[PDB]
Amino acid sequence: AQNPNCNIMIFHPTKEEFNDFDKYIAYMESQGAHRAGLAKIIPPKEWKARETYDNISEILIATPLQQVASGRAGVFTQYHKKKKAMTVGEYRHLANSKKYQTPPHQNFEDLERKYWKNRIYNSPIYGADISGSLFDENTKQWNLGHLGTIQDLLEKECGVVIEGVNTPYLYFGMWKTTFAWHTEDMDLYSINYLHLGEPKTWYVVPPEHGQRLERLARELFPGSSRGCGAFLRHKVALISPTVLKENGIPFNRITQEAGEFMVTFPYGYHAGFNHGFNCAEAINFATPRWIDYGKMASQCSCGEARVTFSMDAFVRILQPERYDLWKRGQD
Ligand SMILES: O=C(O)CNC(=O)C(=O)O
Ligand SMILES: [Mg+2]
Ligand code: NI
Ligand SMILES: [Zn+2]
């Protein structure tokens, strides 16, 4: 078995190897990459997502989110308070302000320590989940706006034609902005490109050990657990590396820098934070190996997680028994 310790793998494709997205994903899995839940891909040196970022300040962040924490430093929840619209130029200036900017630090490790010690005492503002793309239409390789769609994957593998579309999303981050512990909708893959700015640190649990993280989360967030059998789909719960180590949960960590891709694999729980002002683009995708994960994916039926138009069809076809109760939650 390849990669039996489930370490995060890093790949350096040539420009020749960068032409066929599906085939490269299948190559990474042949080497065991999926066992970690997360992989890094450094694009060939010849490749670029676009020519410059010089004219992005007029993108609108219609609903910036203030991420307010409750709990203790290593075990907390976050809620998202909606704020007034601002442009990316306005947001970048705010991120750079004395109130919100990255503190002095020695290296990524010292910054990680400061994040876990101090996150709960501040409320950073995240421009998340904005439909759109920063890839130039002429970028032909690994353009997250030109990928094969999950509806077309399901049709190719299973023969059924369904409604829905699949488009990318932009994320504008600042120091301390946080993504809570989750897997993707329907336990899909994700791919994330860091277009610009400061790094993003990731934590991940190997798919084969996901249930260990779920059991710890039920212990640590006991009222949330009683309210919903799939509450990590609410994307609100944080657990520190120290706490994970204390409870014997297998995990790994890595820092993504500007110009790098990350891939998350089906049922790979992940969480993380931004080091400073940055912009990432991400999209879900599928391969033939995902189908069985989609069939087994948990669902939120309490009504909090409230998800896309296109996830309807996935549930209807892959989970027809759940269909009914899940759409009661989504209506
Ligand atoms: O970048 C973020 O805030 C969150 N991204 C992801 O969870 C992802 O790409 O799967
Ligand atoms: Mg602009
Ligand atoms: Ni994700
Ligand atoms: Zn729920």
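Residues numbered from 1 in each chain as written, not as in the entry; some residues may be left out. Chains lettered and ligands numbered in written order. Heavy atoms only, no water. Residues with missing side-chain atoms left out of burial classes, pairs and counts.

This entry lists X-ray crystallography as its structure determination method and reports a resolution of 1.5200 Å.

Within the protein, the atoms that donate to the zinc ion (ligand 4) are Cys228 (SG), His234 (NE2), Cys300 (SG) and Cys302 (SG), at distances of 2.1 to 2.4 Å. Considered as a linear motif, the donors of the zinc ion (ligand 4) on their single chain read C-x5-H-x65-C-x1-C. One end of the pair, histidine 234, is in the loop between α6 (222-227) and β12 (237-239); the other, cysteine 302, is in the loop between α8 (291-296) and α9 (309-318), with 68 residues separating them in the sequence. Since its relative accessible area comes to 23%, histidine 234 is described here as partly exposed. Under the relative-accessibility criterion, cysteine 302 is labelled partly exposed at 37%. (Donors = N, O, S within 2.8 Å, 3.2 Å for Na, K, Ca; no water. Helix = DSSP H or I, 4+ residues; strand = E, 2+ residues; numbered from the N terminus. Buried < 20%, exposed > 50% of the residue type's maximum accessible area, 1.4 Å probe, protein only.)

It is worth spelling out the pattern of salt bridges at this point. Pairs may arise between side chains of opposite charge once their charged atoms sit close together. Enumeration over the complete set of coordinates arrives at eleven salt bridges. Between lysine 45 and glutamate 46 there is a salt bridge, and its shortest N-O distance comes to 2.8 Å. Here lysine 45 falls in the exposed class, since its relative accessible area comes to 77%. Since its relative accessible area comes to 45%, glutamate 46 is described here as partly exposed. One salt-bridge network, in which partners are shared between bridges, spans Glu163, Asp312 and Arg316. (Salt bridge = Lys/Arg side-chain N within 4 Å of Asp/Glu carboxyl O.)

All of the protein donors around the nickel ion (ligand 3) are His182 (NE2), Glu184 (OE) and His270 (NE2); their distances to the metal are 2.0 to 2.3 Å. Summarised as a motif, the one-chain spacing of the donors to the nickel ion (ligand 3) is H-x1-E-x85-H. Judged by relative accessible area, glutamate 184 falls into the buried class, the value being 12%.

The next thing to look at is unusual backbone geometry. You will see that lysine 176, though not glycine, has its phi angle at about 75°, which is positive. Tracing the backbone through its elements, the reader meets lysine 176 in the loop between β8 (169-173) and β9 (178-182). Phi angles above zero are rare outside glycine, and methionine 186 is one such case at about 60°. Checked against the element boundaries, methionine 186 lands in the loop between β9 and β10 (189-197).

This paragraph deals with the nonpolar core. With 39 residues, the main nonpolar core has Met28, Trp142, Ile191, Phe261 and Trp290 as its most contacted residues. Contributions of two or more residues to this core are made by α1 (21-30), β2 (38-41), α4 (150-158), β10, β14 (261-264), β16 (278-285), α9 and α10 (323-329). If one sorts the elements of this core by residue count, α9 sits on top with five residues. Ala217, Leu232, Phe251 and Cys300 belong to the second-largest nonpolar core, a separate cluster that totals 33 residues. (Core = buried A, V, L, I, M, F, W, Y, C linked by side-chain atoms within 4.5 Å.)

Before going further, it helps to spend a moment on the sheet that holds strand β15 (residues 270-274). With antiparallel pairing, four strands are arranged side by side in an open sheet as β9-β15-β11-β13. Each end of this open sheet is capped by a strand with a single partner; those strands are β9 and β13 (252-256). Across the sheet, the mean angle from the axis of one strand to that of its neighbour is 15°, orientation sign disregarded. Note: strand β11 (residues 200-204) against β15, five bridges, orientation antiparallel. What sits directly across from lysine 200, in β15, is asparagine 274. Its contacts with the sheet put helix α3 (residues 108-118) on β9, β11, β13 and β15, and the angle it makes with β15 is roughly 105°. (Pairing = 2+ DSSP bridges. Axes fitted to C-alpha atoms, helices over the stretch in contact; angles between N-to-C directions. Contact = heavy atoms within 4.5 Å.)

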